[PDB]
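Have a look at the structure below before the remarks.
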Amino acid sequence: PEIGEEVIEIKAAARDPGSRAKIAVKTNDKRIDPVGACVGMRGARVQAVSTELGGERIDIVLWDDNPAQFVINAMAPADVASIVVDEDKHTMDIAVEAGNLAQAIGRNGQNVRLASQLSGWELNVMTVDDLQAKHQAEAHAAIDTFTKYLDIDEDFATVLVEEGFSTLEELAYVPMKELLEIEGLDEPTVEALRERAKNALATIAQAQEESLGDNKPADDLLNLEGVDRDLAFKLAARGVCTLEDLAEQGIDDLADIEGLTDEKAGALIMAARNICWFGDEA
Amino acid sequence: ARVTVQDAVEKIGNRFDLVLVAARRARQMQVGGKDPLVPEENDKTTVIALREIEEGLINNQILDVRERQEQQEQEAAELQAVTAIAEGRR
Numbered sequence: 214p215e216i217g218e219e220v221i222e223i224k225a226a227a228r229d230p231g232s233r234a235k236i237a238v239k240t241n242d243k244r245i246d247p248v249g250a251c252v253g254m255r256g257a258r259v260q261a262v263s264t265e266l267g268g269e270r271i272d273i274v275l276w277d278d279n280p281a282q283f284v285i286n287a288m289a290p291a292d293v294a295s296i297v298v299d300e301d302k303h304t305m306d307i308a309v310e311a312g313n314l315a316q317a318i319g320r321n322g323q324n325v326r327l328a329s330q331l332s333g334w335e336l337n338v339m340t341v342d343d344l345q346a347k348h349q350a351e352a353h354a355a356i357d358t359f360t361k362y363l364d365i366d367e368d369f370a371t372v373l374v375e376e377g378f379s380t381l382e383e384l385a386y387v388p389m390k391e392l393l394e395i396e397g398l399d400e401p402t403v404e405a406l407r408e409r410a411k412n413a414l415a416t417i418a419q420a421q422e423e424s425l426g427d428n429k430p431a432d433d434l435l436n437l438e439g440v441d442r443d444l445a446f447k448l449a450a451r452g453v454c455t456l457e458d459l460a461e462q463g464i465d466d467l468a469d470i471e472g473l474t475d476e477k478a479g480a481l482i483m484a485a486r487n488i489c490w491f492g493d494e495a
Numbered sequence: 002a003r004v005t006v007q008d009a010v011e012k013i014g015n016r017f018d019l020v021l022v023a024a025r026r027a028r029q030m031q032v033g034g035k036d037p038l039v040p041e042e043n044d045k046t047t048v049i050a051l052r053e054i055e056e057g058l059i060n061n062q063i064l065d066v067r068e069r070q071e072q073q074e075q076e077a078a079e080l081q082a083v084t085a086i087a088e089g090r091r
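Heads up: the sequence lines are chains F and E, in that order.
Whatever position you read off the first sequence (first residue = 1), add 213 for PDB author numbering.
Whatever position you read off the second sequence (first residue = 1), add 1 for PDB author numbering.
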């Protein structure tokens, strides 16, 4: 009854019947305990609703205004030692052991999706030792990325990318003046970063090269009715070169290329192999 | 396709006990059906059990003990269901 009067607000309610369910609630500016009011005595409301659903494991959780605290409260019931967040993209990451990861995830993600439906963002689960190993690997990879995309010295690049969020990927928009506070001079580093941008343009040209020079589809596949250039390229990416090669290829062999579907592998291919075979007849 | 059960009577001396055994066998055969243990000839259940008697691979003991193992298997299904109850809730 407090939902209508705005005494307490139901922030989110996700329910996998029987397996797991999470209801996160918050007070709509009333300074009242939402979970303690909506749960009753030892969950006598949530337990009754679960018994109506037929044995659901329902968990009442808190909720806050900001999305970071919302996700932190939607990861309940657990204990959090540390949590990593991103300011640009609304994403959250937490670390827990396998014994806790099994309970926080669920058999089919029923609890985890309950968090996913609560915060609205994708979640990632990893171990604490795995977190430290990933931190060391990310430090090394960020040093390499700062050396490659910003074109600076590696010893200073490691220290800069340790503090820099999104170390080197279109990072000129982010404030790079924090790297000037470190020792050393970077006067030619601006020209080096311009050269790195030219190298990125060359990488775009290399993607165009992979599109054009790297095993382009023939005229028979491109001129087939009902199939576009992308469809012909997807059909030919499965090792086929001629009509007989297209007939020899199967659905499983063509499934490696994401551009080609099972219907595209259906009968001849879908239309293209039939057109290439029957081009002799009018 | 069979006209005499005298061979069956030879296998099990008491005729009435043979009648009970055949009746129980065919009762299991019709409802809760089990596969025949002899290639039948589009025949009724009344004679196929008698054919099973003809091979001598059927008596009171065989059916009783076989039903005991089948009951134990049903109980094992009950226990595995019980074990699947505990994990589902907790």
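Note that the Cβ used here is the ideal one computed from N, Cα and C, for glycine as well.
Less than 8 Å between the CB atoms is what I'm expecting for residue i and residue j, so what's the real figure, rounded?
i	j	result
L444/F	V453/F	Wrong, their Cβ atoms sit about 13 Å apart, outside the cutoff.
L19/E	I54/E	7 Å
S232/F	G312/F	So it is not a contact: roughly 19 Å between Cβ atoms.
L381/F	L363/F	5 Å
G439/F	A484/F	4 Å
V274/F	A291/F	Incorrect: roughly 10 Å between the Cβ atoms, too far for contact.
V293/F	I285/F	7 Å
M305/F	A281/F	7 Å
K243/F	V262/F	22 Å between Cβ atoms; not a contact.
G426/F	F446/F	Their Cβ separation, rounded to whole angstroms, is 13 Å, which puts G426/F and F446/F out of contact at 8 Å.
If you follow the beta strand (DSSP E) that residue i is in, where does it begin and where does it stop?
i	result
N61/E	Premise fails: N61/E lies in the alpha helix (DSSP H), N61 to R90, not in any beta strand (DSSP E).
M30/E	No beta strand (DSSP E) contains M30/E, which is instead part of the alpha helix (DSSP H) from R16 to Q31.
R228/F	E222 to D229
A234/F	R233 to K239
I271/F	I271 to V274
Could you spell out where the alpha helix (DSSP H) holding residue i opens and where it closes?
i	result
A257/F	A257 to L266
residue 500/F	Outside the shown range of chain F (214 to 495) lies residue 500/F, about which nothing can therefore be said.
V297/F	Segment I296 to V298 is the beta strand (DSSP E) holding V297/F; no alpha helix (DSSP H) there.
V252/F	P247 to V252
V10/E	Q7 to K12
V4/E	Run containing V4/E: none; DSSP gives neither H nor E here.
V48/E	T46 to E55
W334/F	No alpha helix (DSSP H) holds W334/F; DSSP gives it neither H nor E.
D465/F	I464 to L467
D432/F	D432 to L435
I488/F	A485 to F491
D475/F	Element bounds for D475/F: n/a, residue is neither H nor E.
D458/F	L456 to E461
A449/F	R442 to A449
Rounding to the nearest angstrom, what Cα-Cα distance links residue i and residue j in this structure?
i	j	result
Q73/E	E335/F	48 Å
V252/F	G333/F	23 Å
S295/F	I307/F	7 Å
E68/E	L21/E	16 Å
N279/F	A328/F	15 Å
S379/F	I365/F	16 Å
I395/F	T360/F	16 Å
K411/F	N324/F	47 Å
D65/E	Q75/E	15 Å
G57/E	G268/F	52 Å
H353/F	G377/F	13 Å
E71/E	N43/E	27 Å
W490/F	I470/F	23 Å
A85/E	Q316/F	18 Å
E11/E	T5/E	11 Å
residue 182/F	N241/F	Outside the shown range of chain F, which is 214 to 495, sits residue 182/F, and nothing can be said about it.
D399/F	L406/F	10 Å
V372/F	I356/F	8 Å
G14/E	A82/E	44 Å
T340/F	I271/F	26 Å
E457/F	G492/F	14 Å
Could you pull out every residue in the same chain whose Cβ sits closer than 8 Å to the Cβ of residue i, ignoring the five residues on either side in sequence?
i	result
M30/E	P37, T46, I49 and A50
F283/F	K224, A237, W276, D277, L331 and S332
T358/F	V374, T380, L381 and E382
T264/F	none
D343/F	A308
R258/F	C251 and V252
Is any beta-carbon of chain B found at less than 9 Å from that of residue i?
i	result
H348/F	Looking for chain B here will not work: the only protein chains present are F and E.
Is residue i near the ligand SAM - that is, is its Cβ less than 8 Å away from at least one heavy atom of it?
i	result
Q421/F	As presented, the structure is devoid of all ligands, the ligand SAM included, so that no description of it is given.
Going along the chain, which residues of its own chain have a beta-carbon closer than 6 Å to the beta-carbon of residue i, five neighbours each way excluded?
i	result
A478/F	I464 and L467
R25/E	none
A226/F	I236
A449/F	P430 and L434
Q462/F	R451 and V453
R52/E	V39
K239/F	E222, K224, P247 and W276
Excluding the five sequence neighbours on either side, which residues of its own chain have a C-beta within less than 7 Å of the C-beta of residue i, listed in chain order?
i	result
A27/E	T46, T47 and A50
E476/F	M483
(message) Please give me, in chain order, every unbroken run of the beta strand (DSSP E) with length at least 3 that falls completely inside the stretch 276 to 331 of chain F.
(response) 296 to 298 and 305 to 308
(message) Restricting to runs no shorter than 3 residues, where is the beta strand (DSSP E) found entirely within the stretch 354 to 429 of chain F?
(response) none
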